[PDB]
């Protein structure tokens, strides 16, 4: 339903148009509501009296359950526990509060429901913002890699910046380390996993010397297919002129960029 | 032809039921809470019954 744990909670512990919002009831009971006036003037006696009796002297309520359920629901929507664990932990927290209760505890509980509401919102927006963890992993890997290439350097650093931009600009992409290598998955539960360490090791020898040799397919077999996928995934990035043209790497990047381009364009055209 | 003088007796049987006298103004079931029941509540008045 709603992600805001306050909202996704308050649907559970609440009546409908009771005296929790006193102003609306008091407006409707006299005549003040304009949507349908004289509605309350013509109800049975008991009901009328009862509301009125409720209205003049409100009845106090115990909000402990509401706050505890709010924080429990926040934990559930934030993958702190499984839903069955949610049903259990609600009672657990309820007992915990009930055996240590104090005004200070209620104050801290209100503070906590505010904090968890903010936490859920922040987690969602951060998960849709770019997943800083992948950026950290990529920076660690790049620190592992050397920053100096004896044959050509502008293309190398340009490509490195292009990769950085690619991992930053597309959230849901994963960068991590499983074994003694770093990888790059284009999506959770997704295919196209590139062995980043192996790709860089293979590509180290092709940076500044494959420009004159791009015309002859004599060294074309040096490109392992994993690195070919790695280059393919960066076709939309590293636009023309970023990588020096007339280079085997540059030629491949330009071809892939042109191909992907015709495609998306034609596709948004559809019909 | 020789029928004797007759005197009529009338009686009725109503089993498996209870006579009901609802506490409502017009005797009909207009709701679970009768209107007169509503009138008497909140009156805070005690009454004796015979």
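Following Swiss-Prot, chain A residues are numbered 6-276, in order.
Structure method, as recorded: electron microscopy, 3.7 Å.
Including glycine, each Cβ sits where the backbone N, Cα and C put it.
Features of the protein shown, as given by Swiss-Prot:
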type: COMPBIAS; residues: A:14-24; note: compositional bias 'Polar residues'
type: REGION; residues: A:138-251; note: region 'Binding to hexon-linking protein'
type: MOD_RES; residues: A:225; note: phosphoserine
type: MOD_RES; residues: A:274; note: phosphothreonine
Notebook entry, point to check: Whose Cβ, among the modified residues A:225, A:274, has more other Cβ atoms within 10 Å than any of the rest?
Noted result: A:225
Checklist line | Distance from residue A:225 (phosphoserine) back to the residue listed as 'phosphothreonine', taken between C-alpha atoms, in Å | finding: 36
Check: What are the DSSP helix, strand and coil residue counts for the region 'Binding to hexon-linking protein' (A:138-251)?
Finding: 51 helix, 13 strand, 50 coil
